[PDB]
$ cat my_file-v2.cif   # mmCIF, C-alpha atoms and all ligand atoms
data_input
#
loop_
_atom_site.label_atom_id
_atom_site.label_comp_id
_atom_site.auth_asym_id
_atom_site.auth_seq_id
_atom_site.Cartn_x
_atom_site.Cartn_y
_atom_site.Cartn_z
CA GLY H 7 49.38 85.41 91.28
CA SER H 8 52.45 87.43 90.35
CA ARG H 9 54.17 88.77 87.26
CA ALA H 10 57.41 90.52 86.42
CA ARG H 11 57.40 94.32 86.59
CA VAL H 12 59.56 94.50 83.45
CA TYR H 13 59.89 92.48 80.26
CA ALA H 14 56.78 90.51 81.19
CA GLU H 15 55.32 90.01 77.73
CA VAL H 16 58.48 90.09 75.61
CA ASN H 17 58.45 86.42 74.64
CA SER H 18 54.81 86.55 73.53
CA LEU H 19 55.77 89.47 71.26
CA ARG H 20 58.45 87.38 69.54
CA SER H 21 58.12 84.59 67.03
CA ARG H 22 57.25 81.25 68.61
CA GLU H 23 60.53 79.86 67.26
CA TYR H 24 62.38 82.16 69.66
CA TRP H 25 61.10 80.51 72.84
CA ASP H 26 59.93 77.08 71.61
CA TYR H 27 63.21 75.37 72.40
CA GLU H 28 61.71 71.88 72.14
CA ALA H 29 61.45 72.52 68.39
CA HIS H 30 65.09 73.60 68.12
CA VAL H 31 67.34 71.13 66.29
CA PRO H 32 71.06 71.56 67.01
CA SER H 33 73.62 70.54 64.40
CA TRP H 34 76.26 68.37 66.08
CA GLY H 35 79.72 68.77 64.59
CA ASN H 36 82.74 66.56 65.14
CA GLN H 37 84.59 67.11 68.41
CA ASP H 38 87.79 65.74 66.83
CA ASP H 39 88.25 69.29 65.54
CA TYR H 40 89.11 70.20 69.15
CA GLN H 41 92.26 69.36 71.04
CA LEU H 42 91.63 69.24 74.80
CA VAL H 43 94.70 70.71 76.49
CA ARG H 44 93.91 71.53 80.10
CA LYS H 45 91.13 70.87 82.57
CA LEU H 46 89.65 74.12 83.89
CA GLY H 47 87.77 74.76 87.11
CA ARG H 48 87.92 73.69 90.73
CA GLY H 49 85.85 70.50 90.71
CA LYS H 50 82.24 69.33 91.09
CA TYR H 51 82.96 66.46 88.67
CA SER H 52 83.38 69.13 86.01
CA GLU H 53 84.49 68.27 82.46
CA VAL H 54 85.42 71.70 81.11
CA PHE H 55 88.61 71.95 79.07
CA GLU H 56 90.72 74.62 77.49
CA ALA H 57 90.90 73.47 73.90
CA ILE H 58 92.36 74.46 70.56
CA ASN H 59 90.36 74.23 67.34
CA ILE H 60 92.78 72.28 65.16
CA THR H 61 91.45 73.86 61.96
CA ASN H 62 92.13 77.50 62.90
CA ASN H 63 94.38 77.19 66.00
CA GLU H 64 91.93 79.24 68.09
CA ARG H 65 91.76 78.74 71.86
CA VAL H 66 88.25 77.88 73.05
CA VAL H 67 86.56 76.02 75.91
CA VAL H 68 84.87 72.63 75.50
CA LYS H 69 82.27 71.65 78.08
CA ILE H 70 81.36 67.97 77.89
CA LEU H 71 77.75 67.60 78.97
CA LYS H 72 76.92 64.91 81.50
CA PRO H 73 74.11 62.53 80.48
CA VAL H 74 70.88 64.54 80.44
CA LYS H 75 67.61 64.59 78.51
CA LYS H 76 67.75 66.12 75.04
CA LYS H 77 65.11 68.67 76.07
CA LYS H 78 67.49 70.25 78.58
CA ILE H 79 70.29 70.41 76.02
CA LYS H 80 67.99 72.04 73.48
CA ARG H 81 66.93 74.60 76.09
CA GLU H 82 70.50 75.61 76.95
CA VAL H 83 71.60 75.71 73.31
CA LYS H 84 68.60 77.78 72.20
CA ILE H 85 69.03 80.21 75.08
CA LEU H 86 72.74 80.61 74.29
CA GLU H 87 71.94 81.24 70.62
CA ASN H 88 69.29 83.80 71.53
CA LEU H 89 71.76 85.62 73.80
CA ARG H 90 74.77 85.50 71.49
CA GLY H 91 76.37 88.91 71.19
CA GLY H 92 74.65 90.16 74.33
CA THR H 93 76.75 92.28 76.63
CA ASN H 94 78.92 90.15 78.90
CA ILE H 95 77.15 86.90 77.93
CA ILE H 96 79.45 83.95 77.19
CA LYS H 97 79.47 83.19 73.47
CA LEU H 98 78.51 79.72 72.28
CA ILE H 99 80.74 78.92 69.31
CA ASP H 100 79.78 75.36 68.42
CA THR H 101 77.85 72.23 69.36
CA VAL H 102 79.78 68.99 68.83
CA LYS H 103 79.85 65.28 69.65
CA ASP H 104 82.79 62.96 70.09
CA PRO H 105 82.53 60.71 67.01
CA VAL H 106 82.97 57.48 69.02
CA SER H 107 80.93 57.95 72.20
CA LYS H 108 78.49 60.45 70.64
CA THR H 109 78.58 62.44 73.89
CA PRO H 110 77.51 66.06 73.26
CA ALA H 111 79.64 69.04 74.15
CA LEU H 112 79.37 72.82 73.93
CA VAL H 113 82.19 74.97 72.62
CA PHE H 114 82.49 78.43 74.16
CA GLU H 115 84.74 81.43 73.88
CA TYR H 116 87.59 81.26 76.37
CA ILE H 117 88.00 83.78 79.18
CA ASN H 118 91.09 83.93 81.37
CA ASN H 119 89.28 83.71 84.69
CA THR H 120 90.77 84.07 88.13
CA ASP H 121 88.87 81.99 90.68
CA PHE H 122 86.70 84.24 92.77
CA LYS H 123 88.07 83.00 96.09
CA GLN H 124 91.43 84.52 95.18
CA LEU H 125 90.11 87.54 93.28
CA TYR H 126 87.52 88.76 95.76
CA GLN H 127 90.25 89.17 98.39
CA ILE H 128 92.02 91.87 96.33
CA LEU H 129 89.07 93.87 94.99
CA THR H 130 88.63 97.48 96.02
CA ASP H 131 85.33 99.32 96.43
CA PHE H 132 85.73 100.68 92.90
CA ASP H 133 86.37 97.18 91.51
CA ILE H 134 83.24 95.78 93.16
CA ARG H 135 81.18 98.61 91.65
CA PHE H 136 82.79 97.97 88.27
CA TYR H 137 82.19 94.23 88.16
CA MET H 138 78.71 94.40 89.66
CA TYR H 139 77.81 96.89 86.95
CA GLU H 140 79.21 94.60 84.25
CA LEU H 141 77.21 91.70 85.70
CA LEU H 142 74.06 93.83 85.76
CA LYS H 143 74.54 94.58 82.05
CA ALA H 144 74.42 90.84 81.39
CA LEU H 145 71.34 90.31 83.54
CA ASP H 146 69.45 93.27 82.09
CA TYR H 147 70.28 91.90 78.64
CA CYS H 148 69.11 88.36 79.35
CA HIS H 149 65.97 89.57 81.15
CA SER H 150 65.23 91.87 78.20
CA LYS H 151 65.56 88.76 76.02
CA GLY H 152 62.94 86.96 78.09
CA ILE H 153 65.34 84.69 79.97
CA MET H 154 66.01 84.06 83.65
CA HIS H 155 69.51 82.71 84.42
CA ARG H 156 68.48 81.00 87.67
CA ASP H 157 72.03 80.13 88.78
CA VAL H 158 73.77 83.42 89.46
CA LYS H 159 76.69 82.93 91.84
CA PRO H 160 80.39 83.76 91.86
CA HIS H 161 81.30 80.42 90.34
CA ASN H 162 79.28 81.30 87.21
CA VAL H 163 80.82 84.77 86.75
CA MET H 164 84.12 84.67 84.90
CA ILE H 165 86.38 87.67 85.44
CA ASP H 166 89.69 88.44 83.76
CA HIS H 167 90.84 91.05 86.25
CA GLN H 168 93.86 92.20 84.24
CA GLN H 169 91.67 92.99 81.22
CA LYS H 170 88.64 94.13 83.28
CA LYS H 171 86.44 91.64 81.40
CA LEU H 172 83.44 89.73 82.73
CA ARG H 173 81.27 86.93 81.31
CA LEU H 174 78.18 85.28 82.77
CA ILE H 175 78.43 81.52 82.13
CA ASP H 176 76.58 78.28 82.87
CA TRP H 177 73.17 78.69 81.24
CA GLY H 178 72.15 75.11 82.02
CA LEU H 179 69.43 76.20 84.47
CA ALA H 180 68.20 79.18 82.46
CA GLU H 181 64.57 79.31 81.39
CA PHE H 182 62.23 81.48 79.33
CA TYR H 183 59.91 83.74 81.33
CA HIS H 184 56.19 83.48 80.49
CA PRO H 185 53.67 85.31 82.69
CA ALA H 186 51.73 83.07 85.10
CA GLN H 187 53.97 80.07 84.41
CA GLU H 188 54.79 77.94 87.44
CA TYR H 189 58.48 77.03 87.51
CA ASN H 190 60.48 74.37 89.30
CA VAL H 191 61.81 75.72 92.59
CA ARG H 192 64.78 73.29 92.44
CA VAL H 193 67.05 75.85 90.80
CA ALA H 194 70.00 77.99 91.87
CA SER H 195 72.56 76.87 94.45
CA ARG H 196 71.59 76.80 98.14
CA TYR H 197 73.29 79.98 99.32
CA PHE H 198 71.88 81.98 96.39
CA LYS H 199 68.30 80.71 96.43
CA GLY H 200 65.72 83.42 96.80
CA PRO H 201 63.08 83.11 99.51
CA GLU H 202 60.47 82.32 96.85
CA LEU H 203 62.32 79.08 96.13
CA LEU H 204 62.70 78.21 99.82
CA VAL H 205 58.96 78.56 100.47
CA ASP H 206 57.96 76.72 97.26
CA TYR H 207 56.47 79.72 95.43
CA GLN H 208 56.57 78.72 91.79
CA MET H 209 55.31 81.87 90.03
CA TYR H 210 58.69 83.61 90.10
CA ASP H 211 60.44 85.72 87.49
CA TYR H 212 63.66 87.56 86.56
CA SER H 213 63.74 89.03 90.08
CA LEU H 214 65.07 85.66 91.32
CA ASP H 215 68.38 86.60 89.68
CA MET H 216 68.35 89.95 91.53
CA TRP H 217 68.21 88.15 94.87
CA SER H 218 71.22 86.08 93.84
CA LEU H 219 73.03 89.22 92.71
CA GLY H 220 72.31 90.79 96.09
CA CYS H 221 73.81 87.78 97.81
CA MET H 222 76.94 88.26 95.72
CA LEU H 223 77.12 91.96 96.52
CA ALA H 224 76.75 91.26 100.23
CA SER H 225 79.60 88.76 100.17
CA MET H 226 81.85 91.09 98.18
CA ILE H 227 81.40 94.15 100.37
CA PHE H 228 81.17 92.36 103.73
CA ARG H 229 83.64 89.54 103.00
CA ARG H 230 81.36 86.93 104.53
CA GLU H 231 81.27 84.36 101.72
CA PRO H 232 78.74 82.95 101.24
CA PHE H 233 76.70 85.62 102.98
CA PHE H 234 73.71 83.43 103.92
CA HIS H 235 75.28 80.11 104.84
CA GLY H 236 72.45 77.68 105.41
CA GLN H 237 73.26 74.16 106.53
CA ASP H 238 70.40 72.82 104.35
CA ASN H 239 67.51 74.32 102.41
CA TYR H 240 65.43 74.81 105.58
CA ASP H 241 68.16 76.49 107.59
CA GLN H 242 68.83 78.65 104.50
CA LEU H 243 65.50 80.39 105.11
CA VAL H 244 66.36 80.81 108.81
CA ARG H 245 69.66 82.48 107.91
CA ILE H 246 67.76 84.93 105.72
CA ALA H 247 65.12 85.55 108.40
CA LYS H 248 67.79 86.31 111.00
CA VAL H 249 68.78 89.29 108.83
CA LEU H 250 65.58 90.43 107.13
CA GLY H 251 63.31 89.62 110.11
CA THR H 252 60.53 87.14 110.72
CA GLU H 253 57.63 89.59 110.79
CA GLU H 254 58.66 90.74 107.32
CA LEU H 255 58.74 87.13 106.13
CA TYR H 256 55.19 86.49 107.34
CA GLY H 257 54.03 89.68 105.61
CA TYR H 258 55.48 88.43 102.32
CA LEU H 259 53.84 85.03 102.74
CA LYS H 260 50.50 86.69 103.49
CA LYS H 261 50.69 88.95 100.44
CA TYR H 262 51.16 86.03 98.03
CA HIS H 263 48.95 83.58 99.96
CA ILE H 264 51.90 81.26 100.58
CA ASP H 265 51.41 78.58 103.22
CA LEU H 266 54.66 77.97 105.04
CA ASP H 267 55.17 74.32 105.88
CA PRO H 268 54.41 73.93 109.61
CA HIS H 269 57.87 72.56 110.47
CA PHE H 270 59.32 76.01 109.76
CA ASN H 271 57.68 77.79 112.68
CA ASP H 272 59.92 76.22 115.32
CA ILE H 273 63.19 76.82 113.46
CA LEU H 274 62.35 80.37 112.30
CA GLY H 275 61.85 81.67 115.81
CA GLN H 276 61.41 85.43 116.14
CA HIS H 277 63.97 87.84 114.72
CA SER H 278 63.96 91.58 114.24
CA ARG H 279 65.15 93.05 110.97
CA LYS H 280 68.84 93.90 111.23
CA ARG H 281 70.44 97.10 110.06
CA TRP H 282 72.91 96.38 107.28
CA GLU H 283 75.50 98.50 109.10
CA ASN H 284 75.66 95.71 111.69
CA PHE H 285 77.79 93.69 109.27
CA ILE H 286 80.58 96.32 109.07
CA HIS H 287 83.84 95.70 110.92
CA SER H 288 87.51 96.45 110.50
CA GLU H 289 88.03 93.83 107.77
CA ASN H 290 85.40 95.26 105.42
CA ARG H 291 84.89 98.93 106.26
CA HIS H 292 86.90 100.08 103.20
CA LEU H 293 84.47 98.22 100.91
CA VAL H 294 81.21 99.42 102.49
CA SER H 295 79.53 102.78 101.94
CA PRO H 296 76.04 104.16 102.56
CA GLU H 297 75.33 103.84 98.84
CA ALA H 298 76.33 100.17 98.84
CA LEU H 299 74.04 99.46 101.78
CA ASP H 300 71.13 101.31 100.22
CA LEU H 301 71.47 99.27 97.03
CA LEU H 302 71.85 96.04 98.98
CA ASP H 303 68.72 96.77 101.00
CA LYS H 304 66.77 97.25 97.75
CA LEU H 305 67.96 93.90 96.33
CA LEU H 306 67.70 91.60 99.34
CA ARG H 307 63.95 91.90 99.93
CA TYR H 308 61.58 89.00 100.52
CA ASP H 309 59.03 90.43 98.07
CA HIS H 310 60.42 89.56 94.67
CA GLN H 311 58.23 92.21 93.03
CA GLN H 312 59.71 94.98 95.16
CA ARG H 313 63.34 94.14 94.41
CA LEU H 314 65.07 96.46 91.99
CA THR H 315 65.13 95.33 88.39
CA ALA H 316 68.56 95.04 86.77
CA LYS H 317 68.02 98.37 85.02
CA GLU H 318 66.87 100.11 88.20
CA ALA H 319 69.94 98.76 89.98
CA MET H 320 72.20 100.08 87.21
CA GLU H 321 70.73 103.56 87.85
CA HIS H 322 71.58 103.49 91.56
CA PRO H 323 74.08 106.03 92.97
CA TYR H 324 76.44 103.19 93.95
CA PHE H 325 77.33 102.88 90.27
CA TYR H 326 77.84 106.58 89.51
CA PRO H 327 81.66 106.09 89.47
CA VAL H 328 81.43 103.38 86.77
CA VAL H 329 78.58 104.58 84.54
CA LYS H 330 80.83 106.71 82.33
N1 LIG X 401 84.19 80.02 78.84
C1 LIG X 401 85.05 79.65 79.93
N2 LIG X 401 86.27 80.14 80.01
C2 LIG X 401 87.08 79.82 81.01
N3 LIG X 401 86.74 78.99 81.99
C3 LIG X 401 85.51 78.47 81.94
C4 LIG X 401 84.60 78.77 80.92
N4 LIG X 401 83.44 78.10 81.14
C5 LIG X 401 83.66 77.39 82.25
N5 LIG X 401 84.88 77.62 82.75
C6 LIG X 401 85.50 77.09 83.96
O1 LIG X 401 84.76 75.71 84.24
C7 LIG X 401 84.22 75.84 85.42
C8 LIG X 401 82.87 75.14 85.40
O2 LIG X 401 82.06 75.74 84.42
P1 LIG X 401 80.48 75.48 84.52
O3 LIG X 401 79.78 75.77 83.31
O4 LIG X 401 79.89 76.17 85.69
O5 LIG X 401 80.50 73.88 84.75
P2 LIG X 401 79.43 73.06 85.65
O6 LIG X 401 79.86 71.62 85.70
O7 LIG X 401 78.08 73.16 84.97
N6 LIG X 401 79.27 73.70 87.23
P3 LIG X 401 77.77 74.13 87.97
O8 LIG X 401 77.80 75.65 88.16
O9 LIG X 401 77.72 73.42 89.29
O10 LIG X 401 76.55 73.74 87.16
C9 LIG X 401 84.06 77.37 85.67
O11 LIG X 401 83.91 77.64 87.01
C10 LIG X 401 85.36 77.82 85.05
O12 LIG X 401 86.47 77.55 86.05
MG MG X 402 78.54 76.50 86.81
#
$ encode --input "my_file-v2.cif" --output "structure tokens" --more "lines below"
Ligand SMILES: Nc1ncnc2c1ncn2[C@@H]1O[C@H](COP(=O)(O)OP(=O)(O)NP(=O)(O)O)[C@@H](O)[C@H]1O
Ligand SMILES: [Mg+2]
Amino acid sequence: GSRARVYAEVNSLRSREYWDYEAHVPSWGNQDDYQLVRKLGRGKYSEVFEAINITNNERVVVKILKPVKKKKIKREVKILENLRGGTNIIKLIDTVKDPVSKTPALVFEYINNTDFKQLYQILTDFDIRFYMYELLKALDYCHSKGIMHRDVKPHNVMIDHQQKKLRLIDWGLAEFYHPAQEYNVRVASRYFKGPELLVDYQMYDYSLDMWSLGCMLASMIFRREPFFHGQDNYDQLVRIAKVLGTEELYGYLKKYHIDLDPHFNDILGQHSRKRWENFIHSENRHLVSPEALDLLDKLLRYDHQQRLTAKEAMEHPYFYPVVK
């Protein structure tokens, strides 16, 4: 068994209506109130548009949802409503359907994002501290609201660098945390999956997001992006073990009584834990500091329980320059 060290019982302390998303009934407005101007994003068969609300001339974003079960739409909508107004959470403005096809769509506030592949190349140490702190505010908020994001990665973090503004987007994988609940391990994107997912441990919690955040921090300070670049979900665990060490992996598995599938033993091999300083070289030295490495070491830990919480991370010395 396992439970979150923070915010474990919050949902049980709230009204059932808060977390019982299957009982939520969205009101679907008419998408003809929205003029779709420009397709946003890099790809992945995405259907996200810059739009203008024709009734008030406000710029928004319309995300047309691919065919999915109503239950998953209700979950995302309810989570977005519960988080509305939270620090650095994207704001859901409306839920609409095209009046002909009846396809549902979500209307969001617009943020003038710069794609991370371009932005991360020009960030300074200070900027990485600043944006990581802003992202932690969003995660502490959602965790405090009983929700795990489950898909933290650069692609889901919108940053307007000129206005120093950040929003955490794409709540389609998010889920309410309930102690002892067994969750689907088919969440997050490969490079950002925590070890718990890769070894099929279902009793995970908010700390999954803190692994993903650590992966982001590592890529930002070291400039190896993604940081753990598995060729498939099995090799993903090997890439982690080559850094954190194999003995430490088997200690984690023992603690939680996790049986590693036997095929893993041959590919895992034997690896000592690496010092994080080993990743420093001339291309990243101006982004790395002892404080950054200490924080990173406290995020990227096999044992999900031992990872820093979002609030603990916000209190780390790495963020002293950006707290005030
Ligand atoms: N509120 C927004 N403002 C500006 N751009 C946005 C906004 N929401 C989404 N985008 C852009 O649309 C892209 C895709 O958004 P996203 O919600 O992640 O779609 P998706 O199809 O679900 N991708 P995935 O992360 O694989 O699930 C983002 O990476 C942005 O480029
Ligand atoms: Mg996304």
$ residues_near_ligand --input "my_file-v2.cif" --ligand "ligand LIG 401 (chain X)" --cutoff "9 Å" --atoms "all atoms listed in the file" --output "PyMOL selection string"
chain H and resi 45-56+66-72+96-98+113-121+157-164+173-179+194-195
$ closest_atom_pairs --input "my_file-v2.cif" --of "stretch 216-271 of chain H" --to "stretch 316-329 of chain H" --cutoff "12 Å" --atoms "only C-alpha atoms" --output "tab-separated table"
residue	atom	partner	partner_atom	distance
H:216	CA	H:316	CA	7.0
H:217	CA	H:316	CA	10.6
H:218	CA	H:316	CA	11.7
H:219	CA	H:316	CA	9.4
H:220	CA	H:319	CA	10.3
H:223	CA	H:324	CA	11.5
$ closest_residue --input "my_file-v2.cif" --among "H:208, H:190, H:150, H:135" --to "residue H:19" --atoms "all atoms listed in the file"
H:150
$ atom_distance --input "my_file-v2.cif" --atom1 "atom CA of residue H:294" --atom2 "atom CA of residue H:131"
7.3 Å
$ residues_around --input "my_file-v2.cif" --residues "residue H:250" --least-positions-apart "6" --cutoff "10 Å" --atoms "all atoms listed in the file" --output "PyMOL selection string"
chain H and resi 244+277-282+303+306-308
$ closest_residue --input "my_file-v2.cif" --among "H:240, H:233, H:189, H:183" --to "residue H:25" --atoms "only C-alpha atoms"
H:183
$ closest_residue --input "my_file-v2.cif" --among "H:13, H:156, H:84, H:166" --to "ligand MG 402 (chain X)" --atoms "only C-alpha atoms and all ligand atoms"
H:156
$ closest_residue --input "my_file-v2.cif" --among "H:275, H:187, H:314, H:168" --to "residue H:215" --atoms "only C-alpha atoms"
H:314
$ residues_around --input "my_file-v2.cif" --residues "residue H:191" --least-positions-apart "4" --cutoff "10 Å" --atoms "all atoms listed in the file" --output "ChimeraX atom specification"
/H:156,199-200,202-210
$ closest_residue --input "my_file-v2.cif" --among "H:130, H:124, H:21, H:37" --to "residue H:105" --atoms "all atoms listed in the file"
H:37
$ closest_residue --input "my_file-v2.cif" --among "H:155, H:77, H:22, H:235" --to "ligand MG 402 (chain X)" --atoms "all atoms listed in the file"
H:155
$ atom_distance --input "my_file-v2.cif" --atom1 "atom CA of residue H:299" --atom2 "atom CA of residue H:232"
17.2 Å
$ atom_distance --input "my_file-v2.cif" --atom1 "atom CA of residue H:180" --atom2 "atom CA of residue H:85"
7.5 Å
$ residues_around --input "my_file-v2.cif" --residues "residue H:253" --least-positions-apart "2" --cutoff "8 Å" --atoms "all atoms listed in the file" --output "PDB file with C-alpha atoms, in the coordinates of the input"
ATOM      1  CA  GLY H 251      63.310  89.620 110.110  1.00  0.00           C
ATOM      2  CA  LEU H 255      58.740  87.130 106.130  1.00  0.00           C
ATOM      3  CA  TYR H 256      55.190  86.490 107.340  1.00  0.00           C
ATOM      4  CA  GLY H 257      54.030  89.680 105.610  1.00  0.00           C
ATOM      5  CA  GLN H 276      61.410  85.430 116.140  1.00  0.00           C
ATOM      6  CA  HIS H 277      63.970  87.840 114.720  1.00  0.00           C
ATOM      7  CA  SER H 278      63.960  91.580 114.240  1.00  0.00           C
TER       8      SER H 278
END
$ residues_around --input "my_file-v2.cif" --residues "residue H:88" --least-positions-apart "2" --cutoff "10 Å" --atoms "all atoms listed in the file" --output "number ranges by chain"
H: 24-25, 82-86, 90-92, 148, 151-153
$ decode --input "my_file-v2.cif" --residues "stretch 58-103 of chain H" --atoms "C-alpha atoms" --output "mmCIF file, in the first residue's frame"
data_model
loop_
_atom_site.group_PDB
_atom_site.id
_atom_site.type_symbol
_atom_site.label_atom_id
_atom_site.label_comp_id
_atom_site.auth_asym_id
_atom_site.auth_seq_id
_atom_site.Cartn_x
_atom_site.Cartn_y
_atom_site.Cartn_z
ATOM 1 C CA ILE H 58 -12.632 35.059 -31.745
ATOM 2 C CA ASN H 59 -15.943 35.064 -29.884
ATOM 3 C CA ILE H 60 -18.148 36.855 -32.412
ATOM 4 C CA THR H 61 -20.420 38.251 -29.699
ATOM 5 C CA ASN H 62 -17.735 40.139 -27.737
ATOM 6 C CA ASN H 63 -14.722 40.084 -30.126
ATOM 7 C CA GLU H 64 -12.558 38.377 -27.493
ATOM 8 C CA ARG H 65 -9.638 36.177 -28.557
ATOM 9 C CA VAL H 66 -9.868 32.660 -27.117
ATOM 10 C CA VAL H 67 -8.727 29.133 -27.964
ATOM 11 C CA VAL H 68 -11.080 26.400 -29.190
ATOM 12 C CA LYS H 69 -9.973 22.798 -28.733
ATOM 13 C CA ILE H 70 -12.096 20.372 -30.727
ATOM 14 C CA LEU H 71 -12.200 17.089 -28.853
ATOM 15 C CA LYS H 72 -11.531 13.905 -30.781
ATOM 16 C CA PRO H 73 -14.190 11.186 -30.409
ATOM 17 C CA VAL H 74 -14.034 9.929 -26.824
ATOM 18 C CA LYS H 75 -16.409 8.558 -24.208
ATOM 19 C CA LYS H 76 -18.597 11.106 -22.443
ATOM 20 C CA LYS H 77 -17.137 10.029 -19.093
ATOM 21 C CA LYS H 78 -13.695 11.315 -20.080
ATOM 22 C CA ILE H 79 -15.129 14.632 -21.262
ATOM 23 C CA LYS H 80 -17.050 15.052 -18.005
ATOM 24 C CA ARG H 81 -13.870 14.341 -16.041
ATOM 25 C CA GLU H 82 -11.819 16.976 -17.869
ATOM 26 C CA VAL H 83 -14.598 19.568 -17.724
ATOM 27 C CA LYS H 84 -15.263 19.024 -14.021
ATOM 28 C CA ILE H 85 -11.562 19.179 -13.184
ATOM 29 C CA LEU H 86 -11.178 22.403 -15.175
ATOM 30 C CA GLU H 87 -14.171 23.926 -13.393
ATOM 31 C CA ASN H 88 -12.811 22.901 -10.003
ATOM 32 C CA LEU H 89 -9.436 24.493 -10.821
ATOM 33 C CA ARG H 90 -10.748 27.690 -12.393
ATOM 34 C CA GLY H 91 -9.003 30.710 -10.940
ATOM 35 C CA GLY H 92 -6.153 28.602 -9.594
ATOM 36 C CA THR H 93 -2.702 30.072 -9.957
ATOM 37 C CA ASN H 94 -1.275 29.432 -13.416
ATOM 38 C CA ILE H 95 -4.062 26.988 -14.372
ATOM 39 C CA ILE H 96 -5.543 27.489 -17.847
ATOM 40 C CA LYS H 97 -9.051 28.910 -17.596
ATOM 41 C CA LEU H 98 -11.945 27.030 -19.189
ATOM 42 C CA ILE H 99 -14.316 29.653 -20.590
ATOM 43 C CA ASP H 100 -16.982 27.585 -22.317
ATOM 44 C CA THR H 101 -18.129 24.159 -23.493
ATOM 45 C CA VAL H 102 -19.660 24.144 -26.985
ATOM 46 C CA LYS H 103 -20.710 21.912 -29.867
#
